[PDB]
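Down below is the structure, laid out as structure tokens.
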Amino acid sequence: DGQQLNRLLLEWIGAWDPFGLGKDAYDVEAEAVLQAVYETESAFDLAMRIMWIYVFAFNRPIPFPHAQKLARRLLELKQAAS
Amino acid sequence: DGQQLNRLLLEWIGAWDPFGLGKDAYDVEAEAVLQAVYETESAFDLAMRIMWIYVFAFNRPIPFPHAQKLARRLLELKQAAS
Amino acid sequence: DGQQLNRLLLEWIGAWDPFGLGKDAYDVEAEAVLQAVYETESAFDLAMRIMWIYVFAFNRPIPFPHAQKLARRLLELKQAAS
Amino acid sequence: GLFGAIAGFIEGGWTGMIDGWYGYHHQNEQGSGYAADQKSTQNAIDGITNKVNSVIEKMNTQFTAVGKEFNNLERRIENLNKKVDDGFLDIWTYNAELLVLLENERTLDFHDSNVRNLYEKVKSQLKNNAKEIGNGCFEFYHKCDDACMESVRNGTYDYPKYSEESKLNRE
Amino acid sequence: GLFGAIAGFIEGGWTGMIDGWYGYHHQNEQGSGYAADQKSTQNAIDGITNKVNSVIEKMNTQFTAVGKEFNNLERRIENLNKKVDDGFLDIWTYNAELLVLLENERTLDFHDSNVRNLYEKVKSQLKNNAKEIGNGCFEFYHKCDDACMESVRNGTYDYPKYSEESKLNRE
Amino acid sequence: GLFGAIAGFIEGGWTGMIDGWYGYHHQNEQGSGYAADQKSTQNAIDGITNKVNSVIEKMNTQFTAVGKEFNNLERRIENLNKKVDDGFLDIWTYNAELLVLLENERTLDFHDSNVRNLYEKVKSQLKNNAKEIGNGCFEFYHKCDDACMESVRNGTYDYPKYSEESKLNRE
Amino acid sequence: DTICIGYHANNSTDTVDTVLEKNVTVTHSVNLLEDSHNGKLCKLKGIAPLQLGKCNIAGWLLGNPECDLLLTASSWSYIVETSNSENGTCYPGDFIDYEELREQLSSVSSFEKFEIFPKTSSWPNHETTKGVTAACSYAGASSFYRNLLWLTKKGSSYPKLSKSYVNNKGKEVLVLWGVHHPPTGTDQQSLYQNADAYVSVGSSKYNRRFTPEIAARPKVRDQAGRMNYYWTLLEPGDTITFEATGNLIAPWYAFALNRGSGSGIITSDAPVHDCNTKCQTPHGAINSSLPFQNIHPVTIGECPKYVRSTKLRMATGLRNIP
Amino acid sequence: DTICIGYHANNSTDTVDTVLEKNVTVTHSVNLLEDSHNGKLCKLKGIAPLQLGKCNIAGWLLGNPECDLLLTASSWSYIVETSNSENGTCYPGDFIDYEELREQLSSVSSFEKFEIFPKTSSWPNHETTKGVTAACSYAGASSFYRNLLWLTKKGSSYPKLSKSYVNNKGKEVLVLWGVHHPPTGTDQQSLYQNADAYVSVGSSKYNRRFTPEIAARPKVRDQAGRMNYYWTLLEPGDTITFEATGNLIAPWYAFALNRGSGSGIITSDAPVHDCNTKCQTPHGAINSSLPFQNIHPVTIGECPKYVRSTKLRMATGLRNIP
Amino acid sequence: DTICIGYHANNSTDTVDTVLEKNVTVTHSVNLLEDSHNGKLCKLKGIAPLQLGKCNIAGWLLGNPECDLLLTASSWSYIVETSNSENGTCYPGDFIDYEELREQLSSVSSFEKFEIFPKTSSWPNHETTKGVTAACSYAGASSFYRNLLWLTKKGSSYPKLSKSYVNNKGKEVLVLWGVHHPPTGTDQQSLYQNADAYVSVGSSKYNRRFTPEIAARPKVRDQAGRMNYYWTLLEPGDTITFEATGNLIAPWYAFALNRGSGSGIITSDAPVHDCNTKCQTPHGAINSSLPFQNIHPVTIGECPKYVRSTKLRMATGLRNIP
Ligand SMILES: *[C@@H]1O[C@H](CO)[C@@H](O[C@@H]2O[C@H](CO)[C@@H](O[C@@H]3O[C@H](CO)[C@@H](O)[C@H](O[C@H]4O[C@H](CO)[C@@H](O)[C@H](O)[C@@H]4O)[C@@H]3O)[C@H](O)[C@H]2NC(C)=O)[C@H](O)[C@H]1NC(C)=O
Ligand SMILES: *[C@@H]1O[C@H](CO)[C@@H](O[C@@H]2O[C@H](CO)[C@@H](O[C@@H]3O[C@H](CO)[C@@H](O)[C@H](O[C@H]4O[C@H](CO)[C@@H](O)[C@H](O)[C@@H]4O)[C@@H]3O)[C@H](O)[C@H]2NC(C)=O)[C@H](O)[C@H]1NC(C)=O
Ligand SMILES: *[C@@H]1O[C@H](CO)[C@@H](O[C@@H]2O[C@H](CO)[C@@H](O[C@@H]3O[C@H](CO)[C@@H](O)[C@H](O[C@H]4O[C@H](CO)[C@@H](O)[C@H](O)[C@@H]4O)[C@@H]3O)[C@H](O)[C@H]2NC(C)=O)[C@H](O)[C@H]1NC(C)=O
Ligand SMILES: *[C@@H]1O[C@H](CO)[C@@H](O)[C@H](O)[C@H]1NC(C)=O
Ligand SMILES: *[C@@H]1O[C@H](CO)[C@@H](O)[C@H](O)[C@H]1NC(C)=O
Ligand SMILES: *[C@@H]1O[C@H](CO)[C@@H](O)[C@H](O)[C@H]1NC(C)=O
């Protein structure tokens, strides 16, 4: 179910830690990424959302391929539980 | 003569009514179009003046071909009386 | 030596007088051109410095080829004394 | 200048073509003449009008703004007032002069682009049925009467039809 | 529109290509499919993100700004205050609406440019080993199995290898 | 990057060509060497200087601006003053950093454009008297001594003269 | 046979500036900068402006005798002061919070003057007829402001007066009055009898008490004395109360104010004419839909943005190459 | 066999405007304009705002009896006035330099109220218990401000008082007091005995002397008298000295102020709720990283730039052409 | 045989930012941002600035005895206060409209001080020599301001004085004076004899009357008394009249002012040096033709636009690719 899937996806997003701030510094941005996850099936669209999410919050560009890697894990995982 | 030609050209310009404002809402713009008419023989130059005249006054773009149609009638008419 | 080379290069820069202001109106700009001279061996780089020097000081664009002519004399002269 | 067409590989304009911004000069056995491209022109105009409206409508017509008076013991507020007025004025003057400068560059380049795209539009339609002179001109390797011309302007020129005929003459 | 590619000589997009902004459609004897170009796409994205960050970071988040109150004998200073507030607001609104407008033009044109450069990238690699249809398509004058395709996408296509084979079929 | 030439189909610059921004590398039987194109360069420079002057001259040198003092009961006007100063400063800083950013993009693209137009200038002059390698290079199908070279740079290369000679070798 | 691509050119001489080059000739363009005006002062919304002429706002509202033309004035689209608006306070003194008053007025589009305290019936115990001065002559006779009433001693006494007004006009009322400060104690006695006189004025918002400051100052318009002028906006339903034992120049007429927006005071020496415009400046009116103007930073109505530029022409057509 | 170049398209309906055309559909874009808020008033830095309710700043600091809820208040993230903040000065008069005081307060994040002059021990020679008024009723009884003490005559005498306070709190102290102006001489006598009374207050920075202005004014809340309210910021180490022979409404409680930045006074009728935000406006909080907002020009905290725009969407992807 | 097209590259390390990428290496560029200054304070138009040192504007113009170096000063390009400008009013009191006075001075480029009322001949009926105080010591002796004259009673009387000055200097004249407020009635008597003293000052524009406010205040520099300082700009042809029966600290020297533009007051602890510049800031001078500077928002002269930026480099050449 989502309750468990939601907690895990969130743990991971924090752990991604692109700016060396610790897993707990990204709680706001992580929810935005979670939300975005349930809105699409295309790794590319999602990769785009994430990068944007993190650019507004932090004023810093995440390498595209790095973002693209995170999205693939998350959509694989969404489908894997669904 | 101009006195009669001037009154008719003006009636028409108001009647064009591109914005559904009534023939009387365009009196200022109509004079500007009349003036512009005596300044050229090229339908294209005139079509350009009109559209500009109406864009400044109303902040709204008139379809080019619609404007272009009005200019053709007016230059045909100018030559027809001259 | 530089003492004599410095005085001559400066006299000339003032005499260039691109804006019809008299040789003495360019004393500040002339030093900047002299300084720039000891910083390069490429007539083209130097031609670029001069034009920039004079554009900031006077808000006026010097013909490139005219500037380019001055630079050639100066680098020829720098090498000629060195 | 950016696209190499206007004042580039097409060195000059046609004081003679009065019905449009971009167009064609055609010469066959049946007669010459000039013809503007409505679509190219129509597109450029809707574009430029929009560029201009956006600039005008962004400008608040200026509603009443009048001076304030201050007494001889209100010199600081008086100067503050003046600092405000002049500062906004330096800015509106600056944005405006600069905006027009930048936009003029873009407008002219826009035209260069429209022309080039028109040339290459035609070039891709004809292919080997003609050669490029290099001055905005194509020479046909076959007879192209006025009917054929019209197809070319309005986009429907048929290559296969003349590909054979053109293949013979060319080689 | 500036570079003639998007909504130009390549009339339409591929609702079917979901892994990138620009890419290829290939058909040989061995099968079809769609493939995005990571390098073209990767470059465009780093570019657009930077365009957007520069715009956002230039914007001071607005720290506390609250109204001032003035008494009924402070009407001039009260109006001066209001003149200040509104003037800055006309400006930030104006720069912002106008900036986005201008930048949107540039962004879209940026994409047109990326596509065109990709087309001509491929065109210069293949040369006479294929013909240009004129709609973003090339027809091969030789069999190009999936191995050959990959070389083309990632930039390493070998012309000499097939130049002979291609020379026979073509003529 | 927009025009595909600089850091595109011409992958690299010539640390070796010191007399200009754009130019030629020539190799014939009679010797090599590097040669800048004055016209291309001359045009680019007048252009860039003008871009820069317009930016500088629009900037009012700042004449005397000093602080005002306010007493401990003039805290509102004191804050109004500060709001004015900072607001103009956010703006001048913002326009300036942003202007340079945008203009730098345009300047670099301007250069890309100049180079591309130079390549295609040469390409249209030579035609079939040479082949395009695809890296800013043309290979001649005939002997082109230094005299011939000069004609090419300064625009007067004669095609018909060598069209026959070139036609034999090529096929 | 051949076909060519080409672009329009004409005999247009219009030039525009671009960032890469100046003075570029184009085939079509639009001017965005209005730089012409008609040199007259005009109506707005068909209402003529109020021309004050030789009077200024102070002179107008007090009714300086030099301002009788203004007596009949009631609505205007804006107010015009000239280089010769010198008739203000003809009796020397300070007009308190004068700049603020002008600001109030910059948003008043009309008013109805009325007789707040009728001269003939309000003041049965005081002298109302000796309050004239050579400082405010009119037709060579000592005279006085038309909107104020100078009260003095009757016989040899000035009893304490107390007079109130209730605002039932349904809008703000502008009330003006003065406080007189003789130059000597003996002069004080001649006019008001009482050495220890005061003036107290109160409403819900205004509340002030004044006492005479008797001292020699340099003579101005022959007068070593001074008079201070005060004003207040009496809100609807509010009451104003004057109390004095001397030195009061009492209100006679006051003004019920009608507020508008887009009104203002301008200073101009340009002639008022009967034309009508949407945008007025101190040099003359502008009849324009252009977004910019370089005519004047001061405007009444709906105007183009003022900028210092001398030229803003935006190319619309292309580089003109015949 | 064939190979084609192409570009992505999808079922995206997002449109953006460009300078050459409006309402263009693109494949991806970002909104730069936050236009939504949560309609509540929230904490900042986890500190709740001070909701003044029916009182205003004046009513709060004086301790208008209608404001007892505010008596316990000491820290806040910002201050909220509503459309009904009408309880201020319940005894009619002017609160001097009130707007400046509000400005001072816009940068005070907390304070400690304290008893500057304890009612029970500071004033052994004066009456402290008859200083109530029907103008400040509370529970239908004459009452008075909680932060001030109205001193009156004891028996039939008001001796000269002199009372000083030294600031040892280590920070600025806000001291408030009043000066009373009876409407008649006989009333003056009833309350303070002395006709020629004065109040003098001095510290290193403030130095003023007041005298009673006795006169009839219209009644306000039944009162023909008036009371003026004054305040000062007593700097660290400074002393304030009050001297009077009548008419003094003495300080009772004062405020040691803790300064902060990013505080402010807003006016809003939106409900305060227990949520927490980084950016607060008078319509509701914003939880956003967008650079712009069109919600409100008044903000507390860290906010997007306010602009009048209704739409700012920047294309990121390309023209969408399925 | 072959021919190639190509573009210049060099060993340039200059980088610039563009909207699509940061830190791009180019072949040529120009810096538009001056970020260096010479750390000294210099002449402008070859005129040295006025360094006030330990005095401030008030201390200077009154002639605080601590300011004797400034006695000879007459022209300056701008005025410099430091972190130690603490010598102002040495006798405690308020300097009225002080901030405005500084503003006036920010546009005065020079002046001629002169003896408006010569000590030795203007005041034949009053004491001029006992008006010193331990509050203004100088060399350990009671002393006083050099530009003011403290008048006191002669024997046991202070008769009414009346003294006027006519401005024939052809320009505005700055006149300063004071009003003294003893702390006790008995002290009042010791100095001026008269309990009911006043000071009245008048010209065409200024008109004020002052009376002594006698009361105990905390001692400042040993003094429980206070002195207020006043100033006015006497217009050309105007007269100023002082009248008093006590408590007047009369003008001794005054200043005929020469106006300029581009002058100002700055605060800086940077050393004044003999160099010459076109643009001066509080950190040091700038000798630059660059359009921008990030050194300081406060400038005197002709300066680059101040911006917060750390880098503004505009590419001129192309992407550098060796
Ligand atoms: C309406 O405004 C007009 C001007 O716009 C104003 O007219 C002026 O009246 C004054 C006041 O009397 C005139 O001033 C006099 O001029 C004569 C000669 O020029 C002088 O001799 C007078 O000064 C003498 O007396 C002074 C006082 O003692 C001395 O100080 C001085 O040295 C002289 O001895 C005095 O200056 C002025 O000339 C006219 N101006 C014109 C052009 O009419 C009129 O008063 C205003 N009316 C009202 C009632 O508001
Ligand atoms: C706290 O604020 C509340 C309101 O927010 C405030 O309540 C008000 O009290 C006043 C003062 O007494 C009330 O005003 C009266 O209303 C009655 C009837 O409506 C009138 O009759 C009264 O006026 C009469 O007397 C006046 C004086 O002579 C005359 O001028 C007038 O013509 C009448 O004869 C008077 O206007 C008011 O109605 C209430 N409002 C409400 C809703 O409660 C309260 O006083 C404040 N408390 C404190 C102590 O700060
Ligand atoms: C020019 O400026 C200089 C400083 O820039 C200024 O020098 C100061 O003089 C004052 C005034 O007398 C000095 O203040 C005293 O310092 C001593 C010891 O530090 C204290 O004992 C004194 O205070 C006592 O008395 C006070 C009054 O009753 C009490 O309140 C207090 O508690 C003490 O009992 C007093 O504070 C000050 O130290 C010097 N500073 C320096 C560094 O010289 C000089 O006065 C100015 N000159 C003029 C004439 O403008
Ligand atoms: C523009 O050039 C024209 C002639 O073509 C000339 O009349 C005009 O003076 C020029 N303007 C400037 C300022 O260069
Ligand atoms: C944009 O076009 C869409 C349909 O494609 C339409 O719904 C919308 O109203 C248009 N907006 C405007 C204001 O032109
Ligand atoms: C720019 O890159 C250079 C090396 O090429 C490096 O020294 C510098 O730190 C970079 N700057 C930033 C802030 O990226």
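Numbering starts fresh at 1 for the residues of each chain in the structure tokens, the chains themselves are lettered A, B, ... in the order given, and ligands are numbered from 1 as they appear.
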| Contacts of residue 201 in chain H within 8 Å, only C-alpha atoms, excl. fewer than 4 positions in-chain, as a list in words |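 Residues meeting the cut-off are residues 206, 207, 208, 209, 240, 241, 242 and 243 of chain H.
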| query | If you run DSSP on the backbone, which residues of range 147-256 of chain I are alpha helix (DSSP H), as a PyMOL selection string? | reply | chain I and resi 185-192
| task | Find the residues of chain C in contact range of chain F, meaning any atom within 8 Å when counting only C-alpha atoms, and list them as JSON, numbers by chain. | result | {"C": [42, 43, 44, 52, 55, 56, 59, 60, 61, 63, 64, 65]}
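CA of residue 200 in chain G lies 24.0 Å from CA of residue 104 in chain G.
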| If you count only C-alpha atoms and all ligand atoms, which residues end up within 10 Å of ligand 4, as a ChimeraX atom specification? | /G:13-17,22-25
Residues of the last selection are to be written out with C-alpha atoms, as a PDB file, in the first residue's frame.
ATOM      1  CA  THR G  13      14.187  57.226 -45.520  1.00  0.00           C
ATOM      2  CA  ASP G  14      13.172  56.208 -41.941  1.00  0.00           C
ATOM      3  CA  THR G  15      16.177  55.199 -39.866  1.00  0.00           C
ATOM      4  CA  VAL G  16      16.345  53.263 -36.630  1.00  0.00           C
ATOM      5  CA  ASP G  17      19.107  52.363 -34.205  1.00  0.00           C
ATOM      6  CA  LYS G  22      23.181  53.251 -35.618  1.00  0.00           C
ATOM      7  CA  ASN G  23      21.164  55.144 -38.190  1.00  0.00           C
ATOM      8  CA  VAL G  24      19.964  52.010 -40.067  1.00  0.00           C
ATOM      9  CA  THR G  25      17.490  52.640 -42.912  1.00  0.00           C
TER      10      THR G  25
END
| request: Enumerate as a count of residues only the residues within 10 Å of ligand 1, counting only C-alpha atoms and all ligand atoms. | output: 38
| query | Any idea which chain D residues end up within 8 Å of chain E if we count only C-alpha atoms, as a ChimeraX atom specification please? | reply | /D:54-55,58-60,68,77,81,84,88,110,113-114,117,121,124-125
How would the residues just chosen look if you wrote them out with C-alpha atoms as a compact mmCIF listing (two decimals), in the first residue's frame?
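Okay, this is what ended up in again29.txt:
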# COMPACT_ATOMS: atom_id res chain seq x y z
CA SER D 54 3.31 43.58 -25.84
CA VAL D 55 5.69 46.49 -25.56
CA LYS D 58 3.01 46.76 -20.64
CA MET D 59 3.22 50.56 -20.39
CA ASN D 60 0.80 51.94 -17.90
CA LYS D 68 4.60 68.27 -4.37
CA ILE D 77 11.88 65.26 2.19
CA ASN D 81 11.06 63.27 -3.42
CA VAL D 84 12.49 59.16 -6.25
CA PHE D 88 12.30 56.18 -11.75
CA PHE D 110 13.54 38.01 -37.77
CA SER D 113 15.27 34.44 -40.97
CA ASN D 114 11.97 34.65 -42.85
CA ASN D 117 13.60 30.01 -44.74
CA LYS D 121 11.66 26.24 -48.66
CA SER D 124 13.95 21.78 -50.99
CA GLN D 125 10.84 21.65 -53.23
| task | Could you list, as a PyMOL selection string, the residues of chain H having an atom within 10 Å of chain D when counting only C-alpha atoms? | result | chain H and resi 18-22
Residues as selected, N, CA, C and O atoms, written as a PDB file, in the first residue's frame, can you do that?
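Written output follows (again.pdb):
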ATOM      1  N   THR H  18       4.678  34.220 -26.003  1.00  0.00           N
ATOM      2  CA  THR H  18       5.967  34.701 -26.468  1.00  0.00           C
ATOM      3  C   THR H  18       5.719  36.093 -27.071  1.00  0.00           C
ATOM      4  O   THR H  18       4.560  36.529 -27.229  1.00  0.00           O
ATOM      5  N   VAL H  19       6.803  36.782 -27.416  1.00  0.00           N
ATOM      6  CA  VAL H  19       6.710  38.141 -27.946  1.00  0.00           C
ATOM      7  C   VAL H  19       6.064  38.168 -29.368  1.00  0.00           C
ATOM      8  O   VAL H  19       5.473  39.173 -29.765  1.00  0.00           O
ATOM      9  N   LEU H  20       6.179  37.073 -30.118  1.00  0.00           N
ATOM     10  CA  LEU H  20       5.619  36.988 -31.473  1.00  0.00           C
ATOM     11  C   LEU H  20       4.215  36.326 -31.501  1.00  0.00           C
ATOM     12  O   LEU H  20       3.474  36.455 -32.483  1.00  0.00           O
ATOM     13  N   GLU H  21       3.860  35.578 -30.464  1.00  0.00           N
ATOM     14  CA  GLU H  21       2.529  34.994 -30.447  1.00  0.00           C
ATOM     15  C   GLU H  21       2.089  34.621 -29.039  1.00  0.00           C
ATOM     16  O   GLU H  21       2.908  34.375 -28.166  1.00  0.00           O
ATOM     17  N   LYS H  22       0.779  34.627 -28.830  1.00  0.00           N
ATOM     18  CA  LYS H  22       0.178  34.356 -27.534  1.00  0.00           C
ATOM     19  C   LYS H  22      -0.349  32.937 -27.457  1.00  0.00           C
ATOM     20  O   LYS H  22      -0.453  32.263 -28.484  1.00  0.00           O
TER      21      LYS H  22
END
Least-squares fit of chain A onto chain B (C-alpha, ordered pairing) as a PDB file with C-alpha atoms, in the first residue's frame:
ATOM      1  CA  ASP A   1     -14.402  66.686 -54.207  1.00  0.00           C
ATOM      2  CA  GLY A   2     -12.877  65.867 -50.811  1.00  0.00           C
ATOM      3  CA  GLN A   3     -15.750  67.264 -48.689  1.00  0.00           C
ATOM      4  CA  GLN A   4     -18.037  64.438 -49.794  1.00  0.00           C
ATOM      5  CA  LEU A   5     -15.275  61.873 -50.260  1.00  0.00           C
ATOM      6  CA  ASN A   6     -14.059  62.738 -46.761  1.00  0.00           C
ATOM      7  CA  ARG A   7     -17.438  62.216 -45.184  1.00  0.00           C
ATOM      8  CA  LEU A   8     -17.915  58.836 -46.863  1.00  0.00           C
ATOM      9  CA  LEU A   9     -14.516  57.436 -46.183  1.00  0.00           C
ATOM     10  CA  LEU A  10     -15.066  58.340 -42.509  1.00  0.00           C
ATOM     11  CA  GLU A  11     -18.528  56.765 -42.311  1.00  0.00           C
ATOM     12  CA  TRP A  12     -16.987  53.501 -43.624  1.00  0.00           C
ATOM     13  CA  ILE A  13     -14.027  53.412 -41.326  1.00  0.00           C
ATOM     14  CA  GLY A  14     -16.350  53.702 -38.346  1.00  0.00           C
ATOM     15  CA  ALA A  15     -18.599  50.976 -39.894  1.00  0.00           C
ATOM     16  CA  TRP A  16     -15.634  48.574 -40.221  1.00  0.00           C
ATOM     17  CA  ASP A  17     -16.076  48.222 -36.432  1.00  0.00           C
ATOM     18  CA  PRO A  18     -13.391  45.498 -35.814  1.00  0.00           C
ATOM     19  CA  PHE A  19     -14.083  45.326 -32.083  1.00  0.00           C
ATOM     20  CA  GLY A  20     -17.926  45.415 -31.931  1.00  0.00           C
ATOM     21  CA  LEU A  21     -17.931  48.895 -30.326  1.00  0.00           C
ATOM     22  CA  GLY A  22     -20.415  50.629 -32.703  1.00  0.00           C
ATOM     23  CA  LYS A  23     -19.537  52.893 -35.664  1.00  0.00           C
ATOM     24  CA  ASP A  24     -19.197  55.953 -33.491  1.00  0.00           C
ATOM     25  CA  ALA A  25     -16.483  54.569 -31.165  1.00  0.00           C
ATOM     26  CA  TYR A  26     -13.691  54.973 -33.755  1.00  0.00           C
ATOM     27  CA  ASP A  27     -13.927  58.654 -34.741  1.00  0.00           C
ATOM     28  CA  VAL A  28     -10.308  59.498 -33.735  1.00  0.00           C
ATOM     29  CA  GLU A  29      -8.787  56.436 -35.423  1.00  0.00           C
ATOM     30  CA  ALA A  30     -10.884  56.997 -38.541  1.00  0.00           C
ATOM     31  CA  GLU A  31      -9.335  60.482 -39.135  1.00  0.00           C
ATOM     32  CA  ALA A  32      -5.896  58.954 -38.733  1.00  0.00           C
ATOM     33  CA  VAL A  33      -6.838  56.367 -41.347  1.00  0.00           C
ATOM     34  CA  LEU A  34      -8.205  59.086 -43.676  1.00  0.00           C
ATOM     35  CA  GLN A  35      -5.027  61.118 -43.355  1.00  0.00           C
ATOM     36  CA  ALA A  36      -2.934  58.055 -44.058  1.00  0.00           C
ATOM     37  CA  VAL A  37      -5.003  57.379 -47.191  1.00  0.00           C
ATOM     38  CA  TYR A  38      -3.908  60.643 -48.886  1.00  0.00           C
ATOM     39  CA  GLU A  39      -0.296  59.848 -48.159  1.00  0.00           C
ATOM     40  CA  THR A  40       0.112  56.727 -50.312  1.00  0.00           C
ATOM     41  CA  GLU A  41      -0.875  54.680 -53.391  1.00  0.00           C
ATOM     42  CA  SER A  42       0.244  51.222 -52.178  1.00  0.00           C
ATOM     43  CA  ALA A  43      -2.485  49.065 -50.566  1.00  0.00           C
ATOM     44  CA  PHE A  44       0.216  47.266 -48.600  1.00  0.00           C
ATOM     45  CA  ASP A  45       1.687  50.478 -46.978  1.00  0.00           C
ATOM     46  CA  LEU A  46      -1.805  51.642 -46.116  1.00  0.00           C
ATOM     47  CA  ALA A  47      -2.814  48.197 -44.758  1.00  0.00           C
ATOM     48  CA  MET A  48       0.189  48.603 -42.459  1.00  0.00           C
ATOM     49  CA  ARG A  49      -0.811  52.059 -41.267  1.00  0.00           C
ATOM     50  CA  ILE A  50      -4.282  51.063 -40.368  1.00  0.00           C
ATOM     51  CA  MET A  51      -3.325  48.045 -38.383  1.00  0.00           C
ATOM     52  CA  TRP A  52      -0.839  50.228 -36.466  1.00  0.00           C
ATOM     53  CA  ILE A  53      -3.374  52.958 -35.971  1.00  0.00           C
ATOM     54  CA  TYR A  54      -5.806  50.486 -34.397  1.00  0.00           C
ATOM     55  CA  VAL A  55      -3.204  48.662 -32.379  1.00  0.00           C
ATOM     56  CA  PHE A  56      -2.110  51.803 -30.546  1.00  0.00           C
ATOM     57  CA  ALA A  57      -5.636  52.996 -29.945  1.00  0.00           C
ATOM     58  CA  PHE A  58      -7.030  49.646 -28.778  1.00  0.00           C
ATOM     59  CA  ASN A  59      -4.168  47.354 -27.834  1.00  0.00           C
ATOM     60  CA  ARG A  60      -5.571  44.641 -30.125  1.00  0.00           C
ATOM     61  CA  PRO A  61      -4.278  43.024 -33.288  1.00  0.00           C
ATOM     62  CA  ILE A  62      -6.485  43.207 -36.337  1.00  0.00           C
ATOM     63  CA  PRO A  63      -6.157  40.169 -38.725  1.00  0.00           C
ATOM     64  CA  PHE A  64      -3.751  41.307 -41.494  1.00  0.00           C
ATOM     65  CA  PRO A  65      -6.015  40.154 -44.376  1.00  0.00           C
ATOM     66  CA  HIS A  66      -9.009  41.863 -42.862  1.00  0.00           C
ATOM     67  CA  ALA A  67      -7.091  45.194 -42.725  1.00  0.00           C
ATOM     68  CA  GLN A  68      -5.682  44.513 -46.167  1.00  0.00           C
ATOM     69  CA  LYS A  69      -9.313  44.217 -47.530  1.00  0.00           C
ATOM     70  CA  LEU A  70     -10.299  47.661 -46.090  1.00  0.00           C
ATOM     71  CA  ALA A  71      -7.218  49.351 -47.612  1.00  0.00           C
ATOM     72  CA  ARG A  72      -8.011  47.921 -51.091  1.00  0.00           C
ATOM     73  CA  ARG A  73     -11.536  49.402 -50.950  1.00  0.00           C
ATOM     74  CA  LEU A  74     -10.238  52.785 -49.881  1.00  0.00           C
ATOM     75  CA  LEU A  75      -7.458  53.102 -52.501  1.00  0.00           C
ATOM     76  CA  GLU A  76      -9.826  51.865 -55.174  1.00  0.00           C
ATOM     77  CA  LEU A  77     -12.221  54.540 -54.042  1.00  0.00           C
ATOM     78  CA  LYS A  78      -9.504  57.282 -53.854  1.00  0.00           C
ATOM     79  CA  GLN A  79      -8.507  56.555 -57.478  1.00  0.00           C
ATOM     80  CA  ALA A  80     -12.125  56.224 -58.522  1.00  0.00           C
ATOM     81  CA  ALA A  81     -12.757  59.842 -57.469  1.00  0.00           C
ATOM     82  CA  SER A  82      -9.317  60.829 -58.795  1.00  0.00           C
TER      83      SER A  82
END
| said: What does the structure give for the distance between CA of residue 35 in chain H and CA of residue 297 in chain H, in Å to one decimal? | reply: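 About the pair CA of residue 35 in chain H and CA of residue 297 in chain H: they are 12.4 Å apart.
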| query | Once you count only C-alpha atoms, which residues of chain H turn out to be within 9 Å of chain A? Could you give them as a list in words? | reply |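 Here is what falls inside 9 Å: residues 28, 30, 288, 289, 290 and 291 of chain H.
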